[PDB]
There are 2 protein chains.
Amino acid sequence: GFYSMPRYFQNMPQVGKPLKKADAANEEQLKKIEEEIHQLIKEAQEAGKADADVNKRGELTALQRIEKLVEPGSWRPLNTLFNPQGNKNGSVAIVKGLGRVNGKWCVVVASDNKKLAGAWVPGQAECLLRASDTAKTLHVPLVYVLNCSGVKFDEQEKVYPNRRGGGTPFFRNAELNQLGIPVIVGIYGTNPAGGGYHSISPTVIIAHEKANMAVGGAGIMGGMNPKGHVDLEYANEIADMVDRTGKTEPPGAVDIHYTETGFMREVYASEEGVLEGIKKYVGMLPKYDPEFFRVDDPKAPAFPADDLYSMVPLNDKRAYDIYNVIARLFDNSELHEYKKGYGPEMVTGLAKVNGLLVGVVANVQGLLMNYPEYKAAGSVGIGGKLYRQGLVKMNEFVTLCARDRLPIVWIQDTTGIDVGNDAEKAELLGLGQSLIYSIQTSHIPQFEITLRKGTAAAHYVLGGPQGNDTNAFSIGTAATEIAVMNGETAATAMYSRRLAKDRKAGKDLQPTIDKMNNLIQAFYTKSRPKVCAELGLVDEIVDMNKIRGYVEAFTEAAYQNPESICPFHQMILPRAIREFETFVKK
Amino acid sequence: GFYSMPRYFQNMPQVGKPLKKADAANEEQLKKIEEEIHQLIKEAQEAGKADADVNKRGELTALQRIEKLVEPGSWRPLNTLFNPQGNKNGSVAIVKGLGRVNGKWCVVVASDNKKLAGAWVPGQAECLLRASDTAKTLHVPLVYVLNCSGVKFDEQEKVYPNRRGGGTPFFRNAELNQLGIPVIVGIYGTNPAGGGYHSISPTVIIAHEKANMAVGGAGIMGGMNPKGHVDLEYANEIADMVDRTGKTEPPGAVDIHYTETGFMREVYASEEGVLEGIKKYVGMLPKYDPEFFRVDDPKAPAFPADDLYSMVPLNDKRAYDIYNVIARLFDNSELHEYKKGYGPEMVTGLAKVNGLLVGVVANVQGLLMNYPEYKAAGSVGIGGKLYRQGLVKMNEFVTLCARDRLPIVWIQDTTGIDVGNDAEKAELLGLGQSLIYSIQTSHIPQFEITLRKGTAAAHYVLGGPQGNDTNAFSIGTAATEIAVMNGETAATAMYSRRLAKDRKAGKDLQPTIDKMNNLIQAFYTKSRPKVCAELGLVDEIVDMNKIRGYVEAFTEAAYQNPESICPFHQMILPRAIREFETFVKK
């Protein structure tokens, strides 16, 4: 209840406005898209062995385990639709998300036992690497709810080998430990080879009484597996062998890894027990009481989140007030802008999330009168584009946030960076990379929300996911669309030369027109939210009224156990903001 | 010469044996495989616009530029066959390798201007991230010979966005700079957007007089609002603009980024001039005279490299003497083993590469009598497998090399870690991960050679490519085979249950038998050297007599400008080696 510098952090300026005219059409269009995403998630998650078949055997599913593991309502799904290599079931066979486990925000990864008992499938490794990366970026525990059969022989060369294959997570788990970031695992079922390493690499190993973990299974080792080719005779030996064996406890069961090696620290008889074990050890981990880093009491935004269904236009040709979005994602709709008026194409300011201080960077939409300065008077700027002042302001803002150890939330809706030789002379290329440099050297956790458009290099520089060390993860919405550039712009850039040549040659232009339209169509299809999630362009498409939940999870996680601290009374950004407001060059 | 501790580092024991009789069959089969690789390389590199046409107008190709950039004979090709997403031309449109530029080993990346003028294609980003990672791991300069026209629009969603897309290298170039690792670029042709950032992100920028770099293309239709569709009227408008505009210089040309902004430090009229500019600045970069870290004068191996064509059996059933390989890759065939006799399945010892000290770890093949110690007496161990002592020896060895700041060269030919509860109780699962932990916390550059077999978790723990921070890169040979396990074993393990169950239900077993044979066949096909290269399982398949060349480049690169130093007289590994051989615990 007592915080540092109330005059600077409490009762900051408020922004945004009340929703007067509800836009029924926009809302239903956004919800239709959200609904389709939910339907896609639903089927990806339920694909494979049925819950009933899993439960009949007294075993829980990944979603059921997570439900009993995390604090009610703290689950923040991540990569649900991630399927970079297009597996038919639309899944990567793991359920991941951010969730609070016994008081701590954790990155949670649960093997999906409905799918080949948690076998490794194409794209899974990449999903796991993003998981450890998120944990490393935010310095929060990585929790595994393991039930992994390992490599899927069927697509072996796609999941077993390579620099970023199934073995990479084991080095990442060692790195996390070495960085002082605990990895906690609760294991179920059989976990040989890859599963075995997923079992042994964590910091603390909790096991279900019927689980096992091992280097390998030994199999049948009948070396003399015929000449090489499998025949009926040989087949009639494997079957026999199977008969001459029936049940057989796999290597590395509790009698081995608990009683003998002591690798398993604790064993539980029930599925719920295992989860209780995870909670117990996650509870022993370090964290700062959130109050320590608060500058104000937690406060809900001053406007309903649902208003966004009307205020965020799905039609990318319609502009809107970015402040309405900010007003609905941050505490009490408060925002104290840094250098307002300078670099009007962007909003850079200080805001709060459950009392925690963070920096905010978002595109401003609409016309920008008599702008930019490096163009002739009378020129008009376009909201969504980046110019010189906006790039300079952001460079300074990120650098100040970095010094003050403040996390940054980036909200993207951009059509790119200004082009042409006026822009080039105004150093936009140098300034764009300077921002990338500023971000890369910041050492502060960051979150990126591609509200609508994510295009060209602006998508990179605006705290894009391309900054793997600083961006914990990114989300999108029903209004999201990501592409290199506008399809038509690309189409004309790719064929303009041919159009002129063919016309001067008296050649038909229709075929070139068809290709241009097909390309434009392809750009549209491959830029939809659905595809963004599937390829991982965003780690999750989030419902308009679920966005603040992610901002909250990110920020609380960012402040859960920071590696570095800047005392509030020693922060410069708050003072620089005040200073720019009052100082007049006279 | 004058070196530290001659008694420890000079005249170390020698290993290997002379080649009595050459194995003609083995040699021809190995060479046949190498020839196919070379032919695949020739095809991928030549693909696209013919050299004659590129040269018709004074322009040089990537390979021609590299030949004039690097010191003759120092080129070490990397990822020549890398094509993870299977582009039809078998290329990712870049020519990469390690090469000496004005006295310094550098990771060199050149835009392949024969392919869509160096456009970004699926898989390129990953190839570029490996490039910056190698430079980061070895702490050597990254050199770009840029000629990047842009993006292959019809696959833009595969190359433009995402966490590891075309924009990621811009953050990686910022990181390299921040880590004190220079990035130098010589630019040719038009470089808008992505190519623009590849031009501006480096430390030093050199440009050809006709080259340009920009945040993005000016776009023929100026600041005209994009169109959702293309009709004939619009087509003519485009044709009208190209004609109206006629011959127009792209934005960001020399008159802009040299004369005005000064982003281009130097401009050269000829293609060769640009390369001279690169050499000029790379020459200004820091490096240690190799003599500083040498402990002996460079000496070639005591045996001919070509013997490897007879001594390295293509037949994975034939054993061989790993000392013959070691004897032909390291200086004067010298090797001073660490704890020889303990953990006989592995060789861990000190060796020299052009006088530079390095650690060597390699699998021993053949039968290991009265081993392992945790099994009944008289049992026999299998060379190529990993047991308790081998794993403990390697953990200690790696940890000692790390303390002494010595690079490590791993030579793999393994069938995995021993399995079964005896092995489990001997802690092989814990020891395997311990080794991964030892490697991850080492902070020393490492090189991995998959001589033949790279399988199971052993592939991971034996300095596997999966250790992204420490492994600079990996190579293979014509004898290489990489897979989760042997096909037959996988097939039986995957269909053992369906065989016994289908037979009982009185069902045809032929369908399942066919699947097994298809699986076995797939395993073989997908584990061949060329596939290892195409997927990146190895960064390059190297000829038997070209292996030492990479060992040399790696070691010299590693000692070129080290971040940490351990004086020779302060190294413990040399002492630990001696003590183990003389101490008799009375």
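All values below come from the heavy atoms of this structure, side chains included, with hydrogens, waters and symmetry mates left out. Residue numbering restarts at 1 for every chain, and letters A, B, ... go by the order of the sequence lines.
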Item to complete: Examine whether an atom of B:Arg163 lies under 4.5 Å from a heavy atom of chain A, and if so say whether it belongs to the side chain, the backbone or both; otherwise answer neither.
Response: both

Discussion item. How about CG on B:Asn225, more than 12 heavy atoms from neighbouring residues, nucleotides or ligands closer than 6.0 Å, or not?
Written reply: no

Practice prompt. Give a yes or no on whether the backbone of B:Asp240 and the side-chain of B:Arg244 come within a donor-acceptor separation of less than 3.5 Å.
Written response: yes

Fill in: Check: A:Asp231 side chain, A:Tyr234 main-chain N or O, donor-acceptor pair, under 3.5 Å
yes

Worksheet item: So which of A:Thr512, A:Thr415, A:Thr455, A:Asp514 has the biggest tally of heavy-atom pairs under 4.5 Å with chain B?
Response: A:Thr455

Worksheet item: At a heavy-atom separation under 4.5 Å, does A:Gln156 approach chain B through its side chain, its backbone, both, or neither?
Response: side chain

Worksheet item: With only heavy atoms counted, which part of A:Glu427 is less than 4.5 Å from chain B, the side chain, the backbone, both or neither?
Response: both

Worksheet item: Between A:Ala458, A:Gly196, A:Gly420, which has the largest tally of heavy atom pairs under 4.5 Å with chain B?
Response: A:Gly196

Worksheet item: So which of B:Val159, B:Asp243, B:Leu232, B:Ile238 has the biggest tally of heavy-atom pairs under 4.5 Å with chain A?
Response: B:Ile238

Worksheet item: Contact part of B:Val242 toward chain A, heavy-atom cut-off under 4.5 Å: side chain, backbone, both or neither?
Response: side chain

Response to the item:
Heaviest contributor of heavy-atom pairs below 4.5 Å to chain B, chosen from A:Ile439, A:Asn471, A:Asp154, is A:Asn471

Discussion item. Counting only heavy atoms from other residues, nucleotides and ligands, does the tally under 6.0 Å from NZ of B:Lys227 exceed 12?
Written reply: yes

Discussion item. Looking at chain A, which one of B:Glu126, B:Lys501, B:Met213 has the largest number of heavy-atom pairs inside 4.5 Å, strictly under?
Written reply: B:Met213

Worksheet item: Which one, B:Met516, B:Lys158, B:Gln466, leads in non-hydrogen pairs under 4.5 Å with chain A?
Response: B:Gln466

Worksheet item: Under a 4.5 Å heavy-atom cut-off, does chain A meet the side chain of B:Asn236, its backbone, both or neither?
Response: both

Worksheet item: For B:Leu519, is it the side chain, the backbone, both or neither that has a heavy atom under 4.5 Å from a heavy atom of chain A?
Response: side chain

Practice prompt. Hey, could you give me the NE2/NZ distance between A:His257 and B:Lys425, rounded to the nearest 0.5 Å?
Written response: 11.0 Å

Fill in: Which atoms of B:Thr261 approach chain A - backbone, side chain, both or neither, heavy atom under 4.5 Å
side chain

Worksheet entry | Residues B:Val531, B:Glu534; criterion side-chain contact (heavy atoms from CB on, under 4.5 Å); working and verdict | CA-CA 5 Å; B:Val531 175; B:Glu534 303 175 331; 4.0 Å; yes

Practice prompt. Using a cut-off of under 4.5 Å on heavy-atom pairs, state which of A:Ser496, A:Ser201, A:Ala522 scores highest against chain B.
Written response: A:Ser201

Fill in: Test of ring centre spacing under 6.0 Å for B:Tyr460 and A:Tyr160
yes

Worksheet item: At a heavy-atom separation under 4.5 Å, does A:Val484 approach chain B through its side chain, its backbone, both, or neither?
Response: both

Worksheet item: Non-hydrogen atoms of chain B under 4.5 Å away: do they reach the side chain of A:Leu509, the backbone, both or neither?
Response: side chain

Worksheet item: With distance as the sole test, does B:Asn421 use its side chain to make a donor-acceptor pair with the main-chain N or O of A:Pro251 at under 3.5 Å?
Response: no

Worksheet item: Mind checking whether B:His198 and B:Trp120 have parallel, tilted or perpendicular rings, split at 30° and 60°?
Response: perpendicular

Worksheet entry | A:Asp418 side chain vs A:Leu386 backbone, donor-acceptor pair below 3.5 Å | no

Worksheet item: When you measure from the side chain of B:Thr441 to the backbone N and O of B:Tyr437, does any donor-acceptor pair fall under 3.5 Å?
Response: no

Practice prompt. Start with the C-alpha gap between B:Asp133 and B:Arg172, add the side-chain angles, then the distance that decides, and say whether side-chain contact (heavy atoms from CB on, under 4.5 Å) holds.
Written response: CA-CA 8 Å; B:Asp133 279 353; B:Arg172 300 314 178 79; 3.5 Å; yes

Response to the item:
chain A shares the most heavy-atom pairs under 4.5 Å, among B:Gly216, B:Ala423, B:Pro226, with B:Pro226

Item to complete: Identify which part of B:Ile417 has an atom lying under 4.5 Å from any heavy atom of chain A, answering side chain, backbone, both or neither.
Response: both

Worksheet entry | Proximity breakdown for B:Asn468 and chain A, heavy-atom pairs closer than 4.5 Å | both

Worksheet entry | Residue selection (most heavy-atom pairs with chain B, distance under 4.5 Å) from A:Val538, A:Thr492, A:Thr489 | A:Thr492

Fill in: Interchain contact, B:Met224 with chain A, by part (heavy-atom threshold 4.5 Å)
neither

Discussion item. Taking side chain as everything from C-beta outward and backbone as N, CA, C, O, which of these in A:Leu428 sits under 4.5 Å from a heavy atom of chain B? Side chain, backbone, both or neither.
Written reply: both

Worksheet item: Is it the backbone or the side chain of B:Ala235 that comes under 4.5 Å from a heavy atom of chain A, or both, or neither?
Response: both

Worksheet item: Around B:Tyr524, counting heavy atoms of other residues, nucleotides and ligands shown, do more than 12 lie under 6.0 Å from its OH?
Response: no

Discussion item. Other residues, nucleotides and ligands only: do more than 12 of their heavy atoms fall within 6.0 Å of NZ on B:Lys526?
Written reply: no

Discussion item. So for B:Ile256, is it side chain, backbone, both, or neither that comes closer than 4.5 Å to the heavy atoms of chain A?
Written reply: side chain

Discussion item. I'd like to know whether A:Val151 forms a side-chain contact (heavy atoms from CB on, under 4.5 Å) with B:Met485, so could you lay out the CA-CA distance, the side-chain angles of the two residues, the decisive distance to 0.1 Å, and finally the verdict.
Written reply: CA-CA 10 Å; A:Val151 178; B:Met485 67 174 81; over 6 Å; no

Worksheet entry | Part of B:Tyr197 within contact of chain A (heavy atom distance under 4.5 Å) | both

Discussion item. If we ignore hydrogens and angles and just use 3.5 Å, is the side chain of B:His459 paired with the main-chain N or O of B:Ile482 as donor and acceptor?
Written reply: no

Worksheet item: By a 4.5 Å heavy-atom criterion (distance strictly below it), what part of B:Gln440 contacts chain A: side chain, backbone, both, or neither?
Response: both

Fill in: Which portion of B:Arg130 sits near chain A, non-hydrogen atoms under 4.5 angstrom
side chain

Practice prompt. Please determine, among B:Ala483, B:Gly536, B:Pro161, the option with the most heavy-atom pairs under 4.5 Å with chain A.
Written response: B:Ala483

Response to the item:
Heaviest contributor of heavy-atom pairs below 4.5 Å to chain B, chosen from A:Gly430, A:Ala193, A:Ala493, is A:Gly430

Practice prompt. Counting only heavy atoms closer than 4.5 Å, note whether B:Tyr495 contacts chain A via side chain, backbone, both or neither.
Written response: neither

Worksheet, complete the sentence: Per-residue tally against chain A (heavy atom, under 4.5 Å) across B:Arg164, B:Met241, B:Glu260, B:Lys515 peaks at B:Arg164

Discussion item. Would you compute the distance between atom OG1 of A:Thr168 and atom CD of A:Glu175 and round it to the nearest 0.5 angstrom?
Written reply: 11.5 Å

Discussion item. A quick test of your reading: do over 12 heavy atoms of other residues, nucleotides or ligands sit less than 6.0 Å from CZ of B:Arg528?
Written reply: yes

